[PDB]
2 protein chains.
Amino acid sequence: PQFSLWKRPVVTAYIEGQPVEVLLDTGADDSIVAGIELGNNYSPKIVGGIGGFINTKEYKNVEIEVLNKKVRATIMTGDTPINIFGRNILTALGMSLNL
Amino acid sequence: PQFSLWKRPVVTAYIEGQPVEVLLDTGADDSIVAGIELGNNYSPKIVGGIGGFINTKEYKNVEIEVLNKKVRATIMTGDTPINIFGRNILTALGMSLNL
Ligand SMILES: CC(C)CN(C[C@@H](O)[C@H](Cc1ccccc1)NC(=O)O[C@H]1CO[C@H]2OCC[C@H]21)S(=O)(=O)c1ccc2c(c1)OCO2
Ligand SMILES: [Cl-]
Ligand SMILES: [Cl-]
Ligand SMILES: [Cl-]
Ligand SMILES: [Cl-]
Ligand SMILES: [Cl-]
Ligand SMILES: [Cl-]
Ligand SMILES: [Cl-]
Ligand SMILES: [Cl-]
Ligand SMILES: [Cl-]
Ligand code: NA
Ligand SMILES: [Zn+2]
Ligand SMILES: [Zn+2]
Ligand SMILES: [Zn+2]
Ligand SMILES: [Zn+2]
Ligand SMILES: [Zn+2]
Ligand SMILES: [Zn+2]
Ligand SMILES: [Zn+2]
Ligand SMILES: [Zn+2]
Ligand SMILES: [Zn+2]
Ligand SMILES: [Zn+2]
Ligand SMILES: [Zn+2]
């Protein structure tokens with residue numbers, strides 16, 4: 001796949017079977033998703049963005065299906081206005097930014 | 001150039017001749033930079049992200065030199081914690097995100 005960036009590079013994905021709209025985000029170290037419920041096996045993590053900080057719940061070894069691939073990766077759940085797949089997942093997928 | 005995303009894709013840009021380190025960010029619609037003054041001819045607008053919102057000042061037709069190319073693009077100034085070159089600039093440079 002190739003994303004030419006004239007539109008947002010948004011795709012659908014599944015996280016532990018739960019469907020989401022996600023933004024492929026080279027400006028994010030981590031992957032942050034709102035509204036999904038991954039249960040009680042988490043550690044708290046503090047994440048900073050453009051407007052300040054939020055608490056998140058960090059889940060490791062989560063099954064992710066996106067772009068016809070299946071990977072296991074860390075997902076943080078919390079109050080992001082857009083669900084983002086950051087570089088932890090982009091590298092797991094083998095993605096690159098090119099010019 | 002290829003950015004493999006194992007590390008943050010950060011490069012040196014010159015904005016109206018001033019050097020700034022910028023994050024190449026596919027998750028950003030717009031480009032936002034701090035620490036530089038671009039003057040009185042702007043439009044104020046609010047942007048949102050993780051943590052909340054910030055006020056920005058939007059400037060059109062700003063001289064940008066980055067990745068050995070020179071372009072004219074829209075830049076916001078505001079109190080962003082990191083300087084961000086979003087899709088408006090990435091597309092002017094001919095960048096793509098690939099799997
Ligand atoms: C949240 C996504 C949808 C939007 N953002 C760009 C992101 O790439 C942002 C860019 C960013 C990077 C660093 C600090 C602040 C923002 N990264 C970010 O929030 O990442 C967080 C998750 O992983 C961690 O690693 C980096 C911070 C954490 S943003 O910075 O808020 C932003 C930039 C340009 C914009 C905009 C919002 O609205 C219109 O134009
Ligand atoms: Cl397209
Ligand atoms: Cl596109
Ligand atoms: Cl398009
Ligand atoms: Cl599934
Ligand atoms: Cl933390
Ligand atoms: Cl963070
Ligand atoms: Cl905006
Ligand atoms: Cl010139
Ligand atoms: Cl490819
Ligand atoms: Na004016
Ligand atoms: Zn397009
Ligand atoms: Zn599945
Ligand atoms: Zn959408
Ligand atoms: Zn992190
Ligand atoms: Zn982080
Ligand atoms: Zn962690
Ligand atoms: Zn915008
Ligand atoms: Zn010049
Ligand atoms: Zn120069
Ligand atoms: Zn400040
Ligand atoms: Zn490929």
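Among the residues of region A:18-45, which ones are within 18 Å of residue A:57 (Cα to Cα), more than 16 Å from ligand 17 (Cβ to nearest atom) and assigned to a loop (DSSP other than H, G, I, E, B)? Listed by number, the residues that qualify are A:34, A:35, A:36, A:37, A:39, A:40. Scoring residue B:27 on the criteria (1) farther than 19 Å from residue A:6 by Cα; (2) within 11 Å of another protein chain (Cβ to nearest Cβ) leaves a single failure, condition (1).
Look at (1) more than 7 Å from every other protein chain (Cβ to nearest Cβ); (2) under 30 Å from residue B:54 (Cα atoms); (3) surrounded by fewer than 18 Cβ atoms within 10 Å (Cβ to Cβ) and you find that residue A:6 fails only one, number (1). Taking the stated definitions as given, is residue A:58 surrounded by fewer than 16 Cβ atoms within 10 Å (Cβ to Cβ) and either more than 11 Å from residue A:15 (Cα to Cα) or of a type outside the set (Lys, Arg) (or both)? No.
Listed conditions (1) in contact with a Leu (Cβ under 9 Å, 6 or more places away or on another chain); (2) outside any strand (DSSP E or B); (3) on the phi < 0 side of the Ramachandran plot are all met by residue A:13, apart from (2). Assessment of region B:34-41 against the conditions (buried (at least 18 other Cβ atoms within 10 Å of the Cβ), within 14 Å of another protein chain (Cβ to nearest Cβ) and touching a strand residue (DSSP E or B) at 6+ places or on another chain (Cβ under 9 Å)) yields no matching residue.
Of all residues in region A:52-86, exactly one satisfies the criterion of being within 17 Å of residue A:27 (Cα to Cα), within 16 Å of ligand 17 (Cβ to nearest atom) and either outside any strand (DSSP E or B) or charged (D, E, K, R) (or both), namely A:86.
Every condition in (1) surrounded by 15 or more Cβ atoms within 10 Å (Cβ to Cβ); (2) farther than 26 Å from residue B:85 by Cα holds for residue A:11 except the one numbered (2). Beta carbons closer than 8 Å, at least 6 apart along the sequence or on distinct chains, pair a first residue in region B:18-41 that is in contact (Cβ under 8 Å) with a residue 60 or more places away in the chain with a second that is in a loop (DSSP other than H, G, I, E, B) and of a type in the set (A, V, I, L, M, F, W, C) for B:20/B:36; B:23/B:82; B:24/B:95; B:26/A:5.
Looking across A:33, A:22, A:66, one residue alone is over 9 Å from the mean Cα position of the chain (by Cα) and β-branched (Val, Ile, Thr). It is A:66.
None of the figures in this text is laboratory data; all of them are computed from the coordinates on show. So basically every Cβ, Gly included, is an ideal-geometry build from the backbone, and we count neighbours across all protein chains shown.
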